[PDB]
Amino acid sequence: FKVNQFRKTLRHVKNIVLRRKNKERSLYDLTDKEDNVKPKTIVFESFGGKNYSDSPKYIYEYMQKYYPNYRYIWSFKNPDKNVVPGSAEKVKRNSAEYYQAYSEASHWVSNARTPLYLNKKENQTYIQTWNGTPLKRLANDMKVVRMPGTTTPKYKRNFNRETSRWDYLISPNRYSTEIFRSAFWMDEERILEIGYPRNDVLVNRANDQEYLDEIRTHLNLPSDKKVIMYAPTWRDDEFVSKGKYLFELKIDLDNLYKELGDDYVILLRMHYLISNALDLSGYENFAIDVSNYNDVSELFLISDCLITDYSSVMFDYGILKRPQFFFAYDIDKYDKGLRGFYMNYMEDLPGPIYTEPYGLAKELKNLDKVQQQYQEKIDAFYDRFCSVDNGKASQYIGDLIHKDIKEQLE
Amino acid sequence: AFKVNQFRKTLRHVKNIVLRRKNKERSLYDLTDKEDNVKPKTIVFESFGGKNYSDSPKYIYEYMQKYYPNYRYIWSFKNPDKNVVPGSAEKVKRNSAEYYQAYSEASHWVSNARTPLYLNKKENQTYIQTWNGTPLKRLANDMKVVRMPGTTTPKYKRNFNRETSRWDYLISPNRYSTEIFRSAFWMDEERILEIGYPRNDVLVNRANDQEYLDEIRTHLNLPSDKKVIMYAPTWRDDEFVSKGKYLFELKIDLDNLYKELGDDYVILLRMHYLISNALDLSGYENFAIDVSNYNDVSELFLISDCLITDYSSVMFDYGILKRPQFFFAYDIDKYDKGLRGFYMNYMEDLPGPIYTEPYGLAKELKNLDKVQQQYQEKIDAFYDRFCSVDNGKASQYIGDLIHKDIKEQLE
Amino acid sequence: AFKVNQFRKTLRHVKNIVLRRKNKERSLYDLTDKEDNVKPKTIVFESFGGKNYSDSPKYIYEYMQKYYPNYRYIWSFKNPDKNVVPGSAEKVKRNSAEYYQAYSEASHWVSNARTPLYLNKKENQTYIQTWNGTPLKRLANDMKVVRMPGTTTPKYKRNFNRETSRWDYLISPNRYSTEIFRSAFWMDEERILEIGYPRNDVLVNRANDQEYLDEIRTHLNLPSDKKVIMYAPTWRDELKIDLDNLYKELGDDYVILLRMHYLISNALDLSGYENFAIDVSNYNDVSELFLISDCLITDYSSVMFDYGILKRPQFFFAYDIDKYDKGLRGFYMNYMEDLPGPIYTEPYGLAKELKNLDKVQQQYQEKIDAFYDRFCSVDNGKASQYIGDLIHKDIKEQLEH
Amino acid sequence: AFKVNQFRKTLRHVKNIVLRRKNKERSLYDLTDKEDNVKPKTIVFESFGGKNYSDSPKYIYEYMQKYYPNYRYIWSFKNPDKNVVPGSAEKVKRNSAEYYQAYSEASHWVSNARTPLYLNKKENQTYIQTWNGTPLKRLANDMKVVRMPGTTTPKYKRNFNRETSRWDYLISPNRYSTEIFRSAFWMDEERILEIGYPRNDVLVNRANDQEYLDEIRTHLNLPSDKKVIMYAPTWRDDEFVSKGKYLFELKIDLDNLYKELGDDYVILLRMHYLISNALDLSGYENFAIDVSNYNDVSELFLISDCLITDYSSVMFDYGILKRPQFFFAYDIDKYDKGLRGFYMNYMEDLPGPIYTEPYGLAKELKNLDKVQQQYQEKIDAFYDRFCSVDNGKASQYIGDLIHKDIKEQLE
Ligand SMILES: Nc1ccn([C@@H]2O[C@H](COP(=O)(O)OP(=O)(O)OC[C@@H](O)CO)[C@@H](O)[C@H]2O)c(=O)n1
Ligand SMILES: [Cl-]
Ligand SMILES: [Cl-]
Ligand SMILES: [Cl-]
Ligand SMILES: [Cl-]
Ligand SMILES: [Cl-]
Ligand SMILES: [Cl-]
Ligand SMILES: [Cl-]
Ligand SMILES: [Cl-]
Ligand SMILES: [Cl-]
Ligand SMILES: [Cl-]
Ligand SMILES: [Cl-]
Ligand SMILES: [Cl-]
Ligand SMILES: [Cl-]
Ligand SMILES: [Cl-]
Ligand SMILES: [Cl-]
Ligand SMILES: [Cl-]
Ligand SMILES: [Cl-]
Ligand SMILES: [Cl-]
Ligand SMILES: [Cl-]
Ligand SMILES: [Cl-]
Ligand SMILES: [Cl-]
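Next comes the structure, spelled out in structure tokens:
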């Protein structure tokens, strides 16, 4: 009677007798043996099961088409509030079926850390797409982490533990690769430079019009109007009053309305807390709240330019060689010269840094002029970051997985 | 009615017993610890996490032994075979089956430091915390960062709070410390006992006891015509290098010290244990005495004509003697410059000269009458503030509190 | 406040979990079983330690199913898969976790034998015991010796006493029985219910329902032309009755049903007796057999009281009446004197006598009635009702405060 | 990592520790009992389950004292206090820590009745079973039916058989017993040692030691000019009534015996312990002497001129002396008629008459020499069948087998 089993065993009796909600887990930890793995089961979860979205979605939609005959399982916080096309069946996180799915599967696909209490056996292949070309230092590369409940050495310890299990790790470029290699204690061997499966549409579908037209009318958009997308990153300094009434975005909608309300419509992609605290009465058909829209890649395809600040998205939107603007209004707060960025913000991004909305508004009046004026820099940026993207990524993984599970079938 | 907390313990205990864990003794303690095992006549002592027989618990014990021989005394140690206790008390080793018994049974716990959180203080038992000194560096609640491993500033304070909340009485040296303790240790003034330290009763009761002074001086093979400097620097992390095999000679420069005072003085080195077995006192025999391992620091104080220190709470204890004090604070540059991470204004109201190099100090030390005269005011005012409390009856107060506390129980 | 029973149940349960013991199911239930677990509308049934869907619990249940259909019904079986149950009732396998959940939850236990002492009967649940017939041999307390396997007479009685005290209500057939129960089972008459046995409903209500009789007989493939003799020995440690002879004697008017013991049943090579001797041991409702039975042959069995309700003839073929303590008092009633039929120790004159049933009927009509009037004058066929109701009423009170 | 059998004990012992159970002493023993605990020169004696210091164990031990005073001898008692042991031996109270230490450490076990199944006779130790006498009633296996509450017949035998399989050596006093033991105890003849009983030594070596006979007689304050009769009825349940407060005078009728034998006899009454403390011998002073509580029955025999008894194993021990026996079997009809619940044929091959009324017994008893003669024939035949195997050296034999065993175990 082995000491490791005895421990798991007592823990479960505790959970069973005490009616702990965790019993579902302790039972799993016990019975989870290498033999439960059915070589043709695949589980997908995206952003820790809040969504059917991002690269796991596109890897899934590719495999549905060309490999219908596998068990496809999706993992969700609230399965019944998530709509999935196809042969996939869904599971609630932390439930009986959840641990089954994860025990049986030959392959794990996801774009974020999956929990450590989940047992990744030698048997199974865990493929990590992750969720973007980094601009802020992550994991190992961070210096201090005053994050509640844990120290920094511990938080790195646990991260290091997750990444050690990543059999494959996708990368959108050389620069992300070099970073991952250190940030995620990764081996170049295990890294796949192919680009993001979720970016595939940015290459394949950008000139598809019936498609652009759906997305546009699914959003009820003006027909004559060009589209600006605004997508600021989150900031604590701006959460006040429990989040009931916020101070109008510093971008100044009133102004943008006056200045561009006739040529443009503007898409506000905000953090969910800002979203449902944002009053847009008086801007109908001008500023559209687009914060809860399922698929961000679709929003990029219909955008004529992106306004952002410090985001992993500028790297995505780059694939389309369109104009970007960076409205870093609080940029002085951010550490004076901040090396807490991998890249050189001041120097090499595809657009102007504005710190005030009004130069930004004038500039927007005439896009074609910004496109020319910055064509040089857009290109340099496209070369450095977005050139790796075939439009073939979701196919490459779907095939890697297919090839993978032909062997196990013996 | 399912008893869920009991079930929990039974499981931990089974786990330990089956797995051959050393803590089987602890989990059994916890499972069975009934409020009934308390026996009014039993008292446990330990000082400094049970490394010693020393400090205030020692002096409380030796008092009660003389007037209250009748009670059951227990001392807890890390290593009992290496510690000698006068009197009737029995000695338990920490974490041992006997140790948990002692703590289960005692009506009274007496220590000068934190006792573990796994021990249970039943409402049945009185925990008397003497603590261990008038504070200079800010402690517990009043800190600002605890970059100390496995644990964060908040969970460190959380645990400290758990501990201080089991203190039935806490001993205070002066109004100053009381102020602090209230905040730093989240304490009720109701529970504070401004009486001075049972360990400084010898600094009041026995300064003029010329025979007792001699024991101490001969216990330490001291040359006879020589006056005595004691040196007691706090521990510095920085100054540790090379596995601690050879240290760069103390910055107080013994060699100069010899050449200036080798004739008239002898100097007692109260170093931290790691520096102490790294000292090379070859060539200073009969001048530099190691005294790091001396059982009773207060006895040292008694035979010391002056003290050199820096950022320690000992200056507060040695104050009762109204003797000279020097603060060789050489590394003060690298201590926040103008800092208030000390409760009191270190730059102004200590009882002596601050010296950043040892040469002005060494010279100064030639003439001890000129110092005493010079700083006498700074010295008297230091005393009026931090030492106006000790009447040398601290040991007595506590034993009578214990005995009074326990008559009650016998009805 | 050290809960010491709890502490023992935990250790036992941990010992089970670790040494992969089958009883882990049970020690879990013992730990967790609480009064709150009880749901007022859950009822459990088991007959004969869970081998059948049969007699008094079956009838109680078949009644309750028809009138109070919205309660949660559960049946306990040694093997649920080999037992068909009518209605909404779910089945549970003994010692399975569903078994314990079920006895823990249920507000009423209904059975006709002893239920295990490792099951807990709370101050909260109501255990209705129907037992299983009007006694002939002494049982329970009244016994003298029981050198039975791995148990001393008293420890056997200590444990009987333990069970019988859990009994909330205990069903009686006759004052004779009640006076016997009160002593045998340590019972207080307050808890006794002289209302007859529910399984003997049919033996009164459908005693003339011909179309029903006809389904029973053809559910058994019986001769359209013969009278039916039922032979129901009681258990002992070719047949004594001489089949070769009964055939030669009664082949022309009778066919004979043999209801033996499962282990003697599948040792009976009834070849050359097909269409005459019908093994009927593994049949379910014994009451249906009585209904189609023209007379009964038994010996020392409590079925003789059930069958008497029909006022038909009985023959007692007691071949081992010698090796039964000569003049035996081990019988609550006087066996040699008052019973509704002739005692035979040889099966040969039993046969001749049995050739014409009607001489026997008259020759014993006085004795037969005297029997009906002592032991059967209390069976109203309303019994299933009375219980079914009692339980229904019982779960109203406990569904109000 | 952990084996099933050890887990089970571990858990049993936790149950005993937590529940302050008297049996914790045992649970420990069972966990900690190693084949390695043994010390070859430790020997444990216990007789009649620790009731006594007595028969075979005593004499084997007393012999091993004189000739091997060098070993560790331990005696086991229910109450070590109420028992006096001569010699080096230390004593131990059954079920104390000491007690299990003893049976754990001992190379040899000497006993005359069953020792508990819960003690582990390691493959390392030699359990020598002397037993307590030639059977007349059927035992263990041959017993037909036993309604002893708490256990069923087959359980009883399984449990006896477990215990006999633990015996490395079974002493026998005759072939009669050997053929019996072989069956009744499930014995392999290899293990049986017909050497006679060590308690019977003195019945041979000392039948004539007049300085010694006298020492017994005068330890009992026996008259000078008077012969000794011994009576030794076995116990009967029938006679127990009324809290055992007031019994009915013996069937043997004392008042008669006094009238008849008085001027020439004194009668030693060896009754059951319960009949003794209930018997009123007032007015019979100097005639009937209560002798129930005597530490050594063999001494009693040495001094008796004859021995009245009934259905008892003692007739065989007395047989050695070739003296008259009577059998006052006053309830012989009750006892299973012509019972075969005995081994030997009762109505024939015992060395004296069977009386059922005690009045002919008494008269016949008036002239011993007529009986010694009229029955010399039956006495000698009896002596041959049952007593012609006692060298007087039984304890020496055992003593020396033990010594031998612990020479080889010494390497
Ligand atoms: N050959 C038989 C005997 C009995 N039974 C059924 O089992 C019950 C018990 O009858 P007994 O032969 O006496 O068996 P026993 O378990 O000893 O019951 C007798 C005692 O319980 C009276 O209270 C009967 O009422 C009858 O319904 C049956 O199907 N076939
Ligand atoms: Cl192991
Ligand atoms: Cl949901
Ligand atoms: Cl993540
Ligand atoms: Cl893992
Ligand atoms: Cl990222
Ligand atoms: Cl973490
Ligand atoms: Cl690069
Ligand atoms: Cl706004
Ligand atoms: Cl418990
Ligand atoms: Cl006390
Ligand atoms: Cl030690
Ligand atoms: Cl000591
Ligand atoms: Cl301090
Ligand atoms: Cl130095
Ligand atoms: Cl309910
Ligand atoms: Cl089944
Ligand atoms: Cl035990
Ligand atoms: Cl030895
Ligand atoms: Cl004792
Ligand atoms: Cl053994
Ligand atoms: Cl013989």
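Chains as they are written, first to last, in our numbering: chain E, 1 to 410; chain X, 1001 to 1411; chain L, 2001 to 2401; chain Y, 3001 to 3411.
The beta-carbon is built from N, C-alpha and C at its ideal position, and this holds for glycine as well.
Beta-carbon spacing of residue i, residue j below 8 Å
i        : j        : result
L3193(Y) : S3177(Y) : no
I3043(Y) : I3402(Y) : yes
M3230(Y) : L3274(Y) : no
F2045(L) : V2110(L) : yes
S2027(L) : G2050(L) : no
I1195(X) : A1394(X) : yes
DSSP three-state assignment for residue i, whether helix, strand or coil
i        : result
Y2324(L) : coil
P56(E)   : helix
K2393(L) : helix
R71(E)   : strand
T1126(X) : strand
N3052(Y) : strand
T1042(X) : strand
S3047(Y) : strand
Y2332(L) : coil
Of the residues the options, the one placed nearest residue i, counting alpha carbons only
i               : options                                : result
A1097(X)        : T1032(X), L1250(X), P1086(X), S1395(X) : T1032(X)
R1020(X)        : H3108(Y), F3007(Y), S3107(Y)           : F3007(Y)
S1165(X)        : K1121(X), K1137(X), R1147(X), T1134(X) : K1121(X)
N1005(X)        : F1(E), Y99(E), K14(E)                  : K14(E)
residue 2406(L) : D2242(L), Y2386(L), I2395(L)           : Nothing in the structure corresponds to residue 2406(L), since chain L is present only between 2001 and 2401.
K2066(L)        : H2401(L), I2395(L), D2389(L)           : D2389(L)
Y3061(Y)        : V3085(Y), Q3376(Y), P3358(Y)           : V3085(Y)
Residues that DSSP places opposite residue i in a beta bridge
i        : result
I1379(X) : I1379(X) is not bridged to any residue.
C3306(Y) : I3229(Y)
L3361(Y) : DSSP, once it has assigned bridges, lists no residue as partnering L3361(Y).
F1301(X) : Partner(s): none; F1301(X) has no beta bridge.
Local Cβ density within 10 Å of residue i, reported as buried at 16 or more and exposed below that
i        : result
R2175(L) : exposed
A105(E)  : buried
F1326(X) : buried
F1248(X) : exposed
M3187(Y) : buried
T1234(X) : exposed
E2163(L) : buried
Cβ of residue i within 8 Å of any chain B Cβ
i       : result
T163(E) : The structure shown contains no chain B; its protein chains are E, X, L and Y.
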